[PDB]
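Here's the structure we're looking at; comments come further down.
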Amino acid sequence: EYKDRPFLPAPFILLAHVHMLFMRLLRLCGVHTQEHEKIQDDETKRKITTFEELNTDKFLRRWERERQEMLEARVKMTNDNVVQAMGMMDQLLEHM
Amino acid sequence: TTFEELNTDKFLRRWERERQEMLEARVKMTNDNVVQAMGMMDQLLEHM
Amino acid sequence: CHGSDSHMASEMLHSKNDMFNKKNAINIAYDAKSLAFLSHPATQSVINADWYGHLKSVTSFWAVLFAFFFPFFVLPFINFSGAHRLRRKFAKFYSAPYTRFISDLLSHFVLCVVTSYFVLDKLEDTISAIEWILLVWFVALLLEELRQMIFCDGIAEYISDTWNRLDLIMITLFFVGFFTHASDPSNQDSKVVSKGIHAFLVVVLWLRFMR
Amino acid sequence: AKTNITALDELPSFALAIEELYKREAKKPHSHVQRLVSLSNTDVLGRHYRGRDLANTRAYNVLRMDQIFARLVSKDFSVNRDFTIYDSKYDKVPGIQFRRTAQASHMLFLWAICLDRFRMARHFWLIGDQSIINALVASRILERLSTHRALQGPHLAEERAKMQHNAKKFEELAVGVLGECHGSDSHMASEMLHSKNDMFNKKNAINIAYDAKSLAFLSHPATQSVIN
Amino acid sequence: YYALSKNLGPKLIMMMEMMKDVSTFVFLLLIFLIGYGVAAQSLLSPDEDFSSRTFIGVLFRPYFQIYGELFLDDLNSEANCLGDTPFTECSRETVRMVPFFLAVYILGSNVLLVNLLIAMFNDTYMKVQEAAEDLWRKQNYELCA
Amino acid sequence: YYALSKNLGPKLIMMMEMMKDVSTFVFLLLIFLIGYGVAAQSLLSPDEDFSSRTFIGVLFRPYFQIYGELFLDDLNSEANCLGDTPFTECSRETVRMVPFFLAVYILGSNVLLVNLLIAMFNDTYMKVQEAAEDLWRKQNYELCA
Ligand SMILES: CC(C)CCC[C@@H](C)[C@H]1CC[C@H]2[C@@H]3CC=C4C[C@@H](O)CC[C@]4(C)[C@H]3CC[C@]12C
Ligand SMILES: CC(C)CCC[C@@H](C)[C@H]1CC[C@H]2[C@@H]3CC=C4C[C@@H](O)CC[C@]4(C)[C@H]3CC[C@]12C
Ligand SMILES: CC(C)CCC[C@@H](C)[C@H]1CC[C@H]2[C@@H]3CC=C4C[C@@H](O)CC[C@]4(C)[C@H]3CC[C@]12C
Ligand SMILES: CC(C)CCC[C@@H](C)[C@H]1CC[C@H]2[C@@H]3CC=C4C[C@@H](O)CC[C@]4(C)[C@H]3CC[C@]12C
Ligand SMILES: CC(C)CCC[C@@H](C)[C@H]1CC[C@H]2[C@@H]3CC=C4C[C@@H](O)CC[C@]4(C)[C@H]3CC[C@]12C
Ligand SMILES: [Mg+2]
Ligand SMILES: [Mg+2]
């Protein structure tokens with residue numbers, strides 16, 4: 001809200017209002033000047049895109065690592081591994 | 001100086017022992033050991 | 001992103017995206033009503049950087065207020081960001097949103113004090129000078145309300161805010177009371193009814209000061 | 001290269017190696033160490049007095065860093081260094097290997113506190129001596145560096161956070177060792193807390209902890225028992 | 001000298017901590033007090049020149065009405081209402097809004113702000129009780145030294 | 001004889017536990033009460049010999065003003081101020097500070113100390129409710145024996 005609001009306080013904000021109204025009258029009717037802005041380059045855009053994609057991959061790798069270091073997942077992975085371990089003893093005992 | 005150094009070593013030994021008796025560390029150590037256990041079954045099955 | 005490089009994260013949050021008619025990511029998040037994204041420290045850091053404009057973040061309320069009251073004595077002796085420099089420092093300090101917020105606060109505080117004095121002091125048999133000053137100030141406030149109304153994101157968003165509703169109640173109360181007094185300025189009963197309406201005006205004006 | 005100043009020339013080889021670790025860390029982009037030494041406003045020997053060739057080529061000597069850390073802790077930090085003991089004439093002395101170790105460990109410890117490498121810092125803290133006092137010093141240096149003018153900046157935020165985390169951890173260490181002492185022998189723990197240390201102009205450990213604003217150490221039952 | 005005691009010392013540290021909540025209450029209360037005071041003083045005594053007595057009238061009664069001392073007999077006397085029912089049969093019809101304004105004001109201050117202050121005090125107490133004990137233990141050394 | 005009942009008995013044990021918080025409040029309140037009382041009694045009646053009435057004046061009004069009974073009409077009468085606005089048009093300009101002193105005092109006692117006591121009571125209640133039930137169960141045997 002205070003980015004777009006004129007600087008001048010309330011008794012003196014009438015000057016700012018008539019100045020903007022004067023500019024509006026000179027854009028619609030007079031047309032003797034125009035508006036200038038700055039457009040971001042493709043290089044800095046591709047740099048931001050590369051940065052965002054890289055950090056997306058980093059957060060997902062960190063997130064997967066954090067969920068695998070959780071207690072429930074570690075107990076579950078240990079449990080499945082012990083199930084695979086009996087499969088291997090069944091194979092060893094069969095060969096014996 | 002000798003007392004302070006000795007108690008520094010005692011607190012660190014007690015601290016390491018306390019962190020190894022924690023539930024997360026015990027589950028993690030058990031998990032790594034079960035991974036080492038499959039390595040050993042791979043060796044046993046290869047020899048069979 | 002904020003963990004890896006804060007400046008690139010800030011640049012990323014400030015980047016205008018073509019898919020939403022050339023406006024930034026924080027604005028998109030606000031439009032999506034994502035409280036978690038807006039409450040994040042990275043987003044808040046970008047918003048605070050936008051708040052202070054081209055000024056150092058260590059500036060306090062009193063320092064900016066003192067610099068506002070004493071422009072030619074405090075601005076060259078501060079660090080931030082000779083017609084080339086003094087004009088540049090004036091355009092950077094006075095283009096900041098924080099300075100505009102402080103100017104609006106001070107303005108509304110004087111409005112409350114002056115209007116409070118006006119209601120407490122007796123009305124004259126004609127329209128007094130302080131009444132004319134308050135008339136100019138509330139038309140200006142009404143024009144400012146119309147200007148925000150036209151350039152916002154619709155009538156519903158404007159009327160959704162409680163402070164805009166409070167602004168409409170102030171302007172409405174002052175104009176009823178003023179026309180009640182101005183209809184018959186020498187009438188004692190008109191002055192009494194006008195002060196009765198203006199009691200409600202002073203209550204809303206101080207309530208509006210909590211913004 | 002050889003220098004005309006006798007204090008810099010007296011320094012052993014491992015001090016020059018610590019100076020090399022500081023230099024290589026300083027040459028990295030946006031390094032807080034180079035900015036910290038520039039904002040310190042000290043000379044080559046670390047004295048606050050403000051030629052040019054000596055001041056940049058040997059800007060990261062251990063004595064100057066000791067002075068910067070000395071101003072960072074309190075108004076009365078003064079490490080007494082004795083580099084004469086590393087000569088071959090002191091080999092017949094029994095306990096010399098411990099002091100040479102402890103001193104060396106301390107210098108490396110301070111360097112590891114400065115770069116905020118906690119694990120290596122904890123390891124150098126364990127090998128040397130004066131464990132409680134060094135942990136308090138570590139907590140104080142990290143908290144003061146974390147609120148210093150040299151550490152404000154977009155790239156140092158995570159680093160700053162890490163510093164406060166590490167500071168808290170070192171404070172816990174100081175509490176833990178203290179607790180162990182009070183568990184083993186309360187009278188010796190009281191005697192230890194009452195002992196005047198030369199490194200802080202002959203005053204005790206509780207006073208050091210108070211100067212380091214260590215609330216956890218001061219709130220501990222052993223410290224409170226000594227105060228009562 | 002209360003700080004040596006294990007009961008009075010943390011409570012004093014707690015009192016200085018609660019001073020910020022008291023200041024917050026004062027800043028919120030100041031808005032209603034000044035608004036109601038200007039409005040009420042203007043309704044009770046219209047067509048009067050501004051003086052120091054006007055300012056004292058703005059400040060005196062609204063501050064002491066939040067502690068339960070209602071000046072309704074005194075307010076009724078100042079309003080020049082002669083009826084058996086209090087704010088009826090008055091010279092001016094505008095002064096009859098003084099109880100309504102008052103009714104809103106003490107609803108804002110006593111029902112809302114005082115109870116809000118109780119909630120802030122309870123929350124603040126639970127948050128900083130352990131810190132107050134730790135700070136008292138540091139002040140124990142300060143007093144000893 | 002309330003102690004046999006499952007509702008009244010733990011509450012009585014709780015009441016004796018809250019007596020310490022009440023005592024803490026009394027010790028904190030005593031500081032403001034004596035300070036304000038000596039200051040206020042001296043401002044209201046200067047150039048007077050010390051007597052028992054001076055001590056009663058120090059103690060009587062400051063204690064009962066924390067319960068909401070404001071003696072402002074009585075204080076106004078003792079101050080010899082004849083204006084329509086209460087603490088204006090007085091013989092001495094020093095006696096006009098009595099509402100200011102009072103304003104600070106009831107801000108210290110009612111806004112801060114009473115609400116602080118509410119916070120201590122809530123915390124104390126949550127801490128010792130289970131212990132009160134256990135102590136009531138021991139007192140059950142004591143009464144039976
Ligand atoms: C939405 C809120 C803030 C606005 C409330 C409306 C106020 C300003 C209006 C609405 C009705 C009005 C009252 C209507 C009738 C009378 C009787 C007249 O003999 C004196 C004025 C008096 C007492 C008016 C005072 C102002 C009044 C109270
Ligand atoms: C949201 C709030 C403002 C609600 C609005 C209610 C207000 C405007 C109402 C409530 C009580 C009302 C008053 C009640 C009685 C009388 C007496 C009558 O002879 C004149 C109007 C007058 C003095 C009224 C004016 C308007 C009044 C003050
Ligand atoms: C549950 C609670 C909130 C009920 C609300 C009570 C309100 C509606 C009541 C309480 C006291 C009342 C006021 C008491 C006295 C007067 C003076 C009289 O000449 C006009 C009406 C007026 C101004 C009343 C208006 C309504 C009022 C403000
Ligand atoms: C932190 C505290 C002490 C704030 C200090 C404010 C004190 C000093 C102020 C606030 C209100 C003041 C009083 C207000 C009005 C008058 C009447 C005047 O004819 C003589 C001075 C006298 C009696 C003032 C004395 C000073 C006073 C008591
Ligand atoms: C939000 C709250 C805390 C506002 C604070 C109210 C203070 C500033 C007000 C409330 C009551 C006031 C007092 C009421 C009456 C008098 C007597 C008068 O002859 C001098 C001023 C004096 C002594 C006032 C000083 C200011 C005062 C103490
Ligand atoms: Mg608006
Ligand atoms: Mg050691």
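Here is how names work: the chains are called A, B, and so on, in the same order as the sequence lines, proteins then strands, and each is numbered from 1. These numbers come from the heavy atoms of this one structure, side chains and all, not from hydrogens, waters or symmetry mates. Both counts, for ligands and for their atoms, begin at 1 and track the order of listing.
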Any donor-acceptor N or O pair under 3.5 Å, side chains E/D21, E/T124: yes
Enumerate, atom names and distances included, each donor-acceptor pair closer than 3.5 Å involving a side-chain atom of residues 29-42 of chain E, sequence neighbours excluded.
from  : atom 1 : to    : atom 2 : distance (Å)
E/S42 : OG     : E/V38 : O      : 3.2
E/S42 : OG     : E/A39 : O      : 2.7

Neighbour count >12 (heavy atoms, 6.0 Å) for atom CZ, E/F27: no
Donor + acceptor pair across side chains of C/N187, C/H181 (<3.5 Å): no
F/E69 side chain to F/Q65 side chain, donor-acceptor N/O pair below 3.5 angstrom: no
Residues lining ligand 3 [heavy-atom distance under 4.0 Å, listed by chain and residue number]: E/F87, E/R96, E/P99, E/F100, E/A103
Apex the Mg ion (ligand 6) - arms OD2 from C/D167 and OE2 from C/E145 - angle rounded to 10°: 80°
C/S116 versus C/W206, side-chain donor and acceptor atoms under 3.5 Å: yes
C/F209 atom CZ: more than 12 heavy-atom contacts under 6.0 Å: yes
E/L59: numbered ligand 5 atoms lying under 4.0 Å from its heavy atoms: 10 (C), 11 (C)
